[PDB]
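Have a look below at one chain only, the form deposited in one PDB entry, in structure tokens format.
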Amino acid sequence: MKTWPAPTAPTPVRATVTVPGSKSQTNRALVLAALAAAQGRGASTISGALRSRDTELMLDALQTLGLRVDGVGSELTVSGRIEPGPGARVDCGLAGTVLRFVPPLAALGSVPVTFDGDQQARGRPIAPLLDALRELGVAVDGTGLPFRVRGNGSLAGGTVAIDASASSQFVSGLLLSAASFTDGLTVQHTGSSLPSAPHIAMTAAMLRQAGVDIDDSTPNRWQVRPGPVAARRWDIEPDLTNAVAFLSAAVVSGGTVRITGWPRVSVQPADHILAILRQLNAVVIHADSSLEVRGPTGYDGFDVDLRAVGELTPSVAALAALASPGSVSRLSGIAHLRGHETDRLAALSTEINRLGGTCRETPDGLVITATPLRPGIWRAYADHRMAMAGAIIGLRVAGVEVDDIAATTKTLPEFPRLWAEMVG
């Protein structure tokens, strides 16, 4: 495979960018639409849906379970029943949301369903969710990929305790299907360190939009009452995490990037994102239903806690590497990134140091000292966000090439074209 040369920005970037839909919101809407249709509530359409490998894996997963998902662009319509064929096998790819959100849903069928995924996915955490399903009465063969969920057409539900420190998706996956368990579900996270609170809150918010009653009033505990899931139209927001890769271009070049269709109130962690950008003294403004970021003339090192928004780490690490020479930045709260698409703490360390940088993995993150970088081959590890981090670096370092820019298809297949149009 040919590398992809990351274009440089010898002058400030100036651009209006539209990023496609939120992967997290699209895949939740697909699951909730599937549940409504399976309950006999009718078809649902999701408008502005992201079309990417992770959402194609989710809609193919629902079709493996027997549902129908129509739509060739961003408007997807879900209908039908959960009625898997003999030998049903869900391909999870490297999509955590398919791996974690579809085994519960699948426990609703009366035909077992096998789950498999990419070689690289087999290294990602999953066993605590499979133990939770067994505790809820589900027969599950296997403790890792490939595993089989032997549903009985019913799932009893009840109360379960789970260690979800490795992934908030274990909580979201249980919550999304819980209203269809006979008795609902009370889920308790045991211990501490629960990452990605905004993504569990995203789940709760979308459940309430579907008419599901969920009590999240006590931290680390969720109670979902059994009840119908409405068949409604879903309107998907732009992916704000991917927007940050583009906004980073403004930040490191002293330029100006606007993102269209930015929601003033979002189901995503918009407020965390805008606060981090403001930490680097970017000016951030809302205007014309768009978000405009103007980068500073320079920025020093920063400390940032990414526990709630760990998927920002690759872009934020690239920002830290490009701070004024000698600056030190500490990224913390992100031990769980060892279990992501790749071990992102190790990979970011490896690729920054390859370019001559100074990045030290810590027990919960990275310490990065901004030092002059040089050309190299930035490896993506089949991880869309490693690939985009290489693009951010290459804005300010000539001769940086990403090995596999097609890794961006996980959540942003048009990234090369969008990035090229932005840098111009």
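Each residue number is its position in the shown sequence, starting from 1.
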Average Cα temperature factor in the PDB entry - higher stretch of 344 to 352, 137 to 145: 137 to 145
Mean C-alpha B-factor comparison - 374 to 382 and 34 to 42, higher one: 34 to 42
Criterion, highest CA B-factor; candidates, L94, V72, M202, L129: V72
Candidate set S329, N242, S110, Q268 [ranked by C-alpha B-factor, highest]: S110
For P263, the third of its chain into which the C-alpha B factor falls: highest
Third assignment of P363 from its chain's C-alpha B-factors: middle
Ranked C-alpha temperature factor of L99 among modelled chain residues, by third: lowest
Third of the chain, ranked by Cα B-factor, where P7 sits: lowest
Lowest, middle or highest third - CA B-factor, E83: middle
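What follows is about the form deposited in another entry, which we do not show.
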In that other deposited form, shift in Cα separation for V102 relative to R385, 3 Å or more: farther
Residue pair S193, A318 - Cα distance in that other deposited form, closer or farther (3 Å or more): farther
